[PDB]
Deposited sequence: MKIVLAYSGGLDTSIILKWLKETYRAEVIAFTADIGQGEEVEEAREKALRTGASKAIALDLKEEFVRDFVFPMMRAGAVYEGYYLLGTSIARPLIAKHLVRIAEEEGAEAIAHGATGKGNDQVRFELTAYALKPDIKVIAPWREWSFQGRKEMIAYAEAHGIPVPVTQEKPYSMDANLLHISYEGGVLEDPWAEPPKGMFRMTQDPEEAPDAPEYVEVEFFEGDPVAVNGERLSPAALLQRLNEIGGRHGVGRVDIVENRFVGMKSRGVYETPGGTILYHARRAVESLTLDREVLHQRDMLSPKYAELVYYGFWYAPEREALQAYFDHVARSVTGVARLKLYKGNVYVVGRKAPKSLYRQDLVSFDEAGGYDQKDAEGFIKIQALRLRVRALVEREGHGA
């Protein structure tokens, strides 16, 4: 038996690699993806071999991540429960996709991940796996073993020769998530120094910085006049937004499995992109189109959050969003200053704005007719009330 493990290189997944070998008497093929966690994935691939993997695979998936997952999601203007830009949410489907493919190539009947049974990650990995390969077998050790606590897990690791180095983290090219431990008390502010991707706003530059982001048919293609590939572009904006402490959010969210959870997120580059996109859309999108799009975004957001990425409902909404986004071509100019992002300008080759219609053709007399007709049903309602 062969099992393809999503190996992040940490303590828990290393414990899982061991546990899988013994419990299933299986050959474990470790897969580590580089999606911008800021870590030498090759080191995790070597640790996996030391830990007992019969084979270790590491891939640079940053470009595929931004191009095929992050960009499509952003076109939708996806925001979960008012703030979450879904940094972890869109990354999981990608990893699950490669697990299934690798499982297919290696003749492995199962795949494994180390997401716990009380989070959303388990759902994203499995819904993806099942949607792509219906009869694949999935093993989630956190839902199968019986370790009674951290202590017991540390002992198991030590006993297996696994190095055993106040909150949990998940990092990638889009954001860094923080939750658990000290963060579990929603009345407690996150501890000073926790943030890594963004600079403390209190330590940000004393001078604001301007940045321009160009969009072509829905996707950002340039920063300050320099054309950059999807992954290189997100990275550049993370650097620029990061230095100024942009993109910090603190929320108590609703997990798909039913309980509320306190999460803290930093999405410097994505936050700039959120406002840059809406800035360009403000010149290129039609009013009714915009309003309809915004009322569907939330639904799309929960689909991503819940894990329905490779799902027909999400693909269907995607058809709508992509259609709408094709008109998003132009440039957004933003001003960054101590944690904040300010839109200060925007332009587009096919802008729908006409100073013609606001400055003092158009006939004010038309407005009276418009108002009279719009008011008809209201007046009838009033007359009936009497």
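Deposited-sequence stretches lacking C-alpha coordinates, listed in sequence order: According to the deposited record, C-alpha coordinates are absent for 166-170, 366-369, 396-400, which together make up the missing parts.
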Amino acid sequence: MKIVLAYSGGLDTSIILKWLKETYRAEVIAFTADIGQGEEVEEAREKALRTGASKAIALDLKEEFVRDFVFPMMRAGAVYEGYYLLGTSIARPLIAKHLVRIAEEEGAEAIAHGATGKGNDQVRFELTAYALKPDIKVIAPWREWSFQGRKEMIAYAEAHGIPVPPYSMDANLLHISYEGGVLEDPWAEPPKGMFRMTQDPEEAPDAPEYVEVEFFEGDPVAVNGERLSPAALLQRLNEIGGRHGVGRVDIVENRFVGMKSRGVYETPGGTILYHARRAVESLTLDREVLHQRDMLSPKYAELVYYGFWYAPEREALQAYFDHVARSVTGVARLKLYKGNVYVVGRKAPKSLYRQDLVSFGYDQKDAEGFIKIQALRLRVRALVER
From here on, numbers count along this sequence of modelled residues.
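For the two forms, the rigid core is made up of the largest set of C-alpha atoms that agree within 1.5 Å on superposition.
Between 244-252 and 146-154, larger RMS Cα displacement in 6 other deposited structures of this protein after core fit: Farther on average in 6 other deposited structures of this protein: 146-154.
Core-fitted comparison in 6 other deposited structures of this protein, 374-382 vs 361-369, farther C-alphas: Comparing 374-382 with 361-369, the larger C-alpha deviation in 6 other deposited structures of this protein belongs to 361-369.
Missing-residue flag, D356, threshold a third of other entries: That residue is missing from at least a third of the other compared entries.
Higher-scoring stretch by recorded Cα B factor average, 167-175 or 150-158: Higher mean C-alpha B-factor in the PDB entry: 150-158.
Stretch with the greater mean C-alpha B-factor as recorded in the entry, comparing 122-130 against 187-195: Between 122-130 and 187-195, it is 187-195.
Which of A332, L352, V66, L357 ranks first by CA B-factor in the deposited coordinates: Among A332, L352, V66, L357, the highest C-alpha B-factor in the entry belongs to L357.
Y265 - Cα temperature factor, lowest/middle/highest third of chain: Bottom third by C-alpha B-factor.
Cα B factor band for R236 (lowest, middle or highest third within the chain): As the PDB entry reports it, the C-alpha B-factor of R236 lands in the middle third of its chain.
Chain-relative CA temperature factor third for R227: According to the entry, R227 has a C-alpha B-factor in the chain's highest third.
Where the record places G9 (Cα B-factor, split into thirds across the chain): For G9, whose C-alpha B-factor we compare with every modelled residue in the chain, the answer is the highest third.
Chain third (lowest, middle, highest) by recorded CA B-factor, residue given as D286: Answer is lowest: the recorded C-alpha B-factor places it there.
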